[PDB]
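S.K.: Protein chains in written order, with the entry's author numbering: chain A, 2 to 50; chain B, 2 to 50; chain C, 547 to 735, 745 to 794; chain D, 7 to 196; chain E, 6 to 196; chain F, 6 to 196; chain G, 7 to 196; chain H, 294 to 342; chain I, 294 to 342.
1) Assess, as a yes-or-no matter, whether the region 11-31 of chain F is touched by the region 96-111 of chain G under the definition of 3 or more beta carbon pairs within less than 8 Å.
2) Distance check for residue 74 of chain F and residue 82 of chain F, CA to CA, integer angstroms please.
3) Looking at chain D, is there any beta carbon in it that lies within less than 9 Å of the beta carbon of residue 726 of chain C?
4) How would you call residue 155 of chain D, buried or exposed, if buried means at least 16 neighbouring beta carbons within 10 angstroms?
5) Once you ignore the five residues that flank residue 785 of chain C on each side, which residues in its own chain have a CB closer than 7 Å to its CB?
6) Within a Cβ cutoff of 7 Å, which residues of the same chain sit near residue 769 of chain C, ignoring the five residues on either side of it in sequence?
7) 9 Å is my cut-off, CB to CB: does residue 157 of chain D come that close to chain K?
8) Using a Cβ cut-off of 9 Å (strictly closer), state whether residue 322 of chain H contacts chain D.
9) Any Cβ of chain I within less than 9 Å of the Cβ of residue 54 of chain F?
10) Any chance you could list the beta strand (DSSP E) runs of at least 3 consecutive residues sitting entirely within the region 56-106 of chain E, in chain order?
11) Is any beta-carbon of chain H found at less than 9 Å from that of residue 341 of chain I?
12) Please check the pair residue 20 of chain F and residue 159 of chain F, which I expect to be a contact at CB under 8 Å, by giving their CB distance rounded to whole angstroms.
13) Looking at the unbroken beta strand (DSSP E) that takes in residue 670 of chain C, where does it start and where does it end?
14) For the candidate residues E/57, E/187, E/16 and E/91, whose alpha-carbon lies nearest to that of residue 120 of chain E?
15) What's the C-alpha gap between residue 634 of chain C and residue 624 of chain C?
16) Counting only C-beta atoms, is residue 312 of chain H closer than 9 Å to chain F at any point?
17) Could you check the C-alpha separation between residue 306 of chain H and residue 195 of chain F for me, to the nearest Å?
18) Take every Cβ of the region 124-141 of chain F, pair it with every Cβ of the region 39-52 of chain F, and state whether three or more of those distances are shorter than 8 Å.
19) Where do the N-terminal and C-terminal ends of the alpha helix (DSSP H) with residue 192 of chain F fall, by residue?
20) Measuring only between beta-carbons, confirm whether residue 295 of chain H sits less than 9 Å from chain E.
21) Which bits of chain H does residue 190 of chain E rub up against, with CB to CB less than 8 Å?
22) Which residues, taken in chain order from the region 2-21 of chain B, show a beta carbon closer than 8 Å to some beta carbon of chain C?
23) Taking a Cβ distance cut-off of 9 Å, strictly less, list which residues of the region 164-176 of chain D are near chain H, in chain order.
24) Buried or exposed for residue 636 of chain C, going by 16 or more other Cβ atoms inside 10 Å?
25) Given a cut-off of 9 Å, decide if residue 34 of chain B and residue 10 of chain B are closer than it, judged by their beta-carbon atoms.
26) By the criterion of Cβ-Cβ separation under 7 Å, what are the contact partners of residue 26 of chain D in chain C?
27) Would you list the one or two residues that DSSP bridges to residue 342 of chain I?
28) Alpha carbon to alpha carbon, how far is residue 124 of chain E from residue 67 of chain E?
29) With distances taken between CB atoms, is the gap from residue 116 of chain G to residue 69 of chain G smaller than 9 Å?
30) Taking 9 Å as the CB-CB cut-off, is residue 747 of chain C touching chain F?
31) Any heavy atom of the ligand NAD within a distance shorter than 8 Å of the CB on residue 303 of chain I?
32) Taking a contact to mean a Cβ-Cβ separation below 9 Å, would you say residue 32 of chain F touches residue 55 of chain F in this structure?
33) Please state whether the Cβ-Cβ distance between residue 129 of chain G and residue 97 of chain F is less than 9 Å.
34) So for residue 162 of chain E, helix, strand or coil by DSSP?
35) Taking the alpha-carbon of residue 135 of chain E as reference, which of E/6, E/8 and E/16 has the nearest alpha-carbon?
36) Check residue 34 of chain B in the structure and name its three-state DSSP category.
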């Protein structure tokens, strides 16, 4: 009956554990990401030539 | 329905974490302040010439 | 602003600071005294950001006009930049001088009103004290060791307050998405430092209100706590 | 607008239900609580003079069009306007009053209307002043300081204020059934 | 702004006696934060309870006189409600001055005869109305500053008791008999 | 998309005054997320409350003229409900044009006489319907963005009060007498 | 289909009950919320023109079969079709109309039917537009955003909208008992 | 023989609208609001007679 | 002998539709909305007579 959650800290990182195993915030695949503590989840720095 | 809180100890200090991350009492910018323990939050001592 | 702090050391409870203007290089003393008086005189420890104890010389008072001419390169070492200058007397007389448009190098004068033959005059800058509280929302303690704050739902604020203890005058600015409010707070209606609870209304979404406290007016300020009072209907549940 | 000596007491008595007295209300970008309660006050004024009372209804009033524009001007001051006898034929259209039977807007001569003109928080009887203060206090309760018990007591006390003000209206302008109206005045002529 | 009265201090002291401690000699807006606040609530109820119209307050045949040079008679906030003497009362305030909505004019040559209600103090009222004014201002103070259900319920019951007593005072002050004192059936019983 | 009005701003401002803070001079879809959304709710209730049919909105004997070359008459979304004058109304919209379901045709030589109801602004309405339109839009805004039981219950009671007052305005605007005004029992009382 | 300027406002007012406005809905595999509310909208349209109203029941309409196929085609556009007088003899069978008394399918000449043709969200009166929007808002509430209080208020407000729209139908097409029907038209011929 | 119409203040109906209406004029109001003041001596009247 | 039709504002029925309808015309409304203002002196009328 109208449940809500708020996964609030997507620092996370991939975890290939099953669905009913995980913590919150983790994710199943994360490419080119960067999970800082205060700022949440950024696109990675852009590789200056 | 008419909620009230009392952030009671503004010792705090700035924290540039997001809004749904913080502790109480912290603040987003604090200039010329001085956060003592017992006395709350003073204007800083005045720089005698 | 435009002032470079180029050292900082501290003997036991006195922080001796040299600090560079765009014209000079100073030396100072930040004393962590609680109720004591910095310079000899000074009836209430005037928060002044620079603090001389000057005696007005003989020839400054024009007999035609009403003011005296105090020259700020003489009461200090040399010139200044820009800032708001407060002049305090052994009475409760507080005169605030605004900065000139070019600023304290085109107009190095200080037009104190009255007849000042010789009398102890305390002149200084003003502190720019700024503090924001936080974005007000539900902050409940998650069973002894973490503070998880509650995001789901709309929290419409009604009021807020600032508990102050033996403090002066200050100004609780409240900003919104497209609005502005000032909410001054006078004395205890001399000095009249008060020890009460100023209760100001903030109305909005609490995700967009931002309350911030200023104080410039030379008096101490002791914010010992705050707190708010919202509505918070939630169209969901927990589990 | 302008400060009014009684209107500040009204905005103060709105905040008598919740919190602290403000001072003098004379700034646009100001104390948000005072200007917000002042808006609720003027809304309950404009609604409480809308219902029709026998001191507000100026009965046989005559409006005149502009001599150049030939176009009589409806206003937001003109609160609700009707015709004198029955089957009122005047309605606002553009900001200008308009016949819905003559199908025309331009008027040569004047016009006879039962009109309500918007008055202040002053220029009202003290019965109606207490009723606007209590109903606007109920609105100010329900929209900002949502506490239930003060809503219950302000609902009960609004009902008592309207009771008194209906008593004021049936005591202002004694309406007798058989010697003052239009139909059964002529039936009792001997 | 007003000066204190020896009975008004006991009235405000009986307002604070609902929730709080007794003050003495108010004299300031900063003596107690609750004393002057309850004094404002008491003056509001003092204005309100005389609006209802009572047999000792409706001063029947009073005559207002306009200013001689101004040719104009002044409605006041001191005037509480003013009506005409017989029926279809033609007097209402506009601007701050009384005004005819039938004669359509604001210039009076001679005087004007009015059933007016003038505002009086907490004193110059009967003790019935003093007690009911204190109990109603006590309910208003309770519901606005220490809102609690028990003290609210008992002040509501006790306000209804005070109104019962003061309607008994109104039906006792100024004896009203159906058949020998009114206007219509005084003539029907002339033999 | 519309341009602002001096009273529509106070209307939307009284919608946000149910739950929220007062905005000024909307002018954008990004000034406040809640302001323009409540302005959309206000225009929807503006379209709805004039659909009920009122004695100043039903423009009785109106005549619509078709285009000269197109031989065709344009139904609009601005047209709000259009009926015939006497009985068994034969006019209905199809395509964007009015149409006879008995003549089975949409080519008109001369005009067409219609009891039409037109859409008007928030302005050009009486203050009765302004207050009732603000209260019904306030209830709709409350139930869709900050649904809370107390403010919903009091806005429901207060909507019923507004509808009571506005039915009083309709029964006062255009006095409808039974025996000297209608069509059947006017002729029965001809002597 | 095609975008319609009124229909996007309808799908927006469905989502005015919950959340945020979408834009223009013109993609099949798209925003799932917009296509989902649009399916609910067209279902409530097909149900709200199903009940039979006096502007919808096109009374004496004549259908004609194909010349080659000799067969008049029932459609999903043909919402509900009945015969003119009584004991209606027409039913759908295969996608084609069919006599349950003649026990035949092929029609030589035309056919006279009281038929209902499916119309859009446009080409309806504003009463019925508000009723389809509010009933589809109740359905969209009950099926996706399951909150109780908004369902209670949409139920009450659907009842008010149906009240208004029955007022529209008893006002559209004035039905008089004793001078307009088929039985007591003749009983009052003198 | 003294008709007094008592109008109930708690209600809606109000006598600026009963009286001004001509005969057979619809006007707004509920019927439980206006009543008329009777004199309910009935047992006293029968014993006196 | 003064018919006043009191229409109940809280209801549905409204007199732009009673009156314009010819005789035996259906029209929308509930019957508890319209009533008529009586004069309920009955005990006074019997004692006066």
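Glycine included, C-beta positions come from ideal geometry on N, C-alpha and C.
M.R.: Let me spell this out:
1) Result no; under three Cβ-Cβ pairs closer than 8 Å.
2) In this structure, the straight-line span from the alpha carbon of residue 82 of chain F to that of residue 74 of chain F is close to 23 Å.
3) By this cut-off, residue 726 of chain C is an interface position.
4) With fewer than 16 neighbouring CB atoms inside 10 Å of its own CB, residue 155 of chain D falls in the exposed class.
5) The residues are 701, 702, 703, 704 and 761.
6) Non-local C-beta neighbours of residue 769 of chain C in its own chain, meaning closer than 7 Å and more than five positions away in sequence, comprise 675, 676, 716, 717 and 719, ordered along the chain.
7) Within the model displayed, chain K is absent; protein chains A, B, C, D, E, F, G, H and I are what it includes.
8) Chain D contact via Cβ: absent.
9) The beta carbon of residue 54 of chain F sits no closer than 9 Å to any beta carbon of chain I.
10) You should have 63-69, 84-88, 96-99 and 102-105.
11) Among the CB atoms of chain H, one or more fall inside 9 Å of the CB of residue 341 of chain I.
12) In fact, because the Cβ distance is near 15 Å, the residues do not count as touching under 8 Å.
13) For residue 670 of chain C, the uninterrupted beta strand (DSSP E) segment begins and ends at 666-670.
14) Nearest C-alpha to residue 120 of chain E among E/57, E/187, E/16 and E/91: E/91.
15) Cα atoms of residue 634 of chain C and residue 624 of chain C: separation of roughly 20 Å, rounded to the nearest angstrom.
16) Answer no: the Cβ-Cβ gap between residue 312 of chain H and chain F never drops below 9 Å.
17) If you take the alpha carbons of residue 306 of chain H and residue 195 of chain F, they lie about 32 Å apart.
18) Enough Cβ pairs lie closer than 8 Å, so yes.
19) Looking at the DSSP string, the run of the alpha helix (DSSP H) that includes residue 192 of chain F is 189-192.
20) Yes, residue 295 of chain H lies at the interface with chain E (some Cβ there is under 9 Å from its Cβ).
21) Under a criterion of Cβ atoms nearer than 8 Å, the residues of chain H adjacent to residue 190 of chain E are, in order, 294 and 295.
22) Sequence-ordered contacts of the region 2-21 of chain B with chain C read 2, 3, 4, 5, 6, 7, 8, 9, 10, 11, 20 and 21 [C-beta pairs closer than 8 Å].
23) Answer set for the region 164-176 of chain D: 165, 168, 169, 170, 171, 172, 173, 175 and 176.
24) Around the C-beta of residue 636 of chain C, fewer than 16 other C-beta atoms lie within 10 Å, and the residue is accordingly described as exposed.
25) Residue 10 of chain B is not a Cβ neighbour of residue 34 of chain B, given a cutoff of 9 Å.
26) Result: 754.
27) Paired residues: none, contrary to the question.
28) Using only the alpha carbons, I get a separation of about 14 Å.
29) Their beta carbons are under 9 Å apart, which means residue 116 of chain G touches residue 69 of chain G by this criterion.
30) No - not a single Cβ of chain F is within 9 Å of the one on residue 747 of chain C.
31) Only the bare structure without any ligand can be found here, which leaves the ligand NAD out of the picture.
32) Going by C-beta atoms, residue 32 of chain F is not nearer than 9 Å to residue 55 of chain F.
33) It is a contact, given that the beta carbons lie within the stated cut-off.
34) In the structure shown, residue 162 of chain E sits in a helix (DSSP, three-state: H, G or I).
35) Ranking E/6, E/8 and E/16 by Cα distance to residue 135 of chain E puts E/16 first.
36) Of the three classes helix, strand and coil, the one that applies to residue 34 of chain B here is strand, per DSSP.
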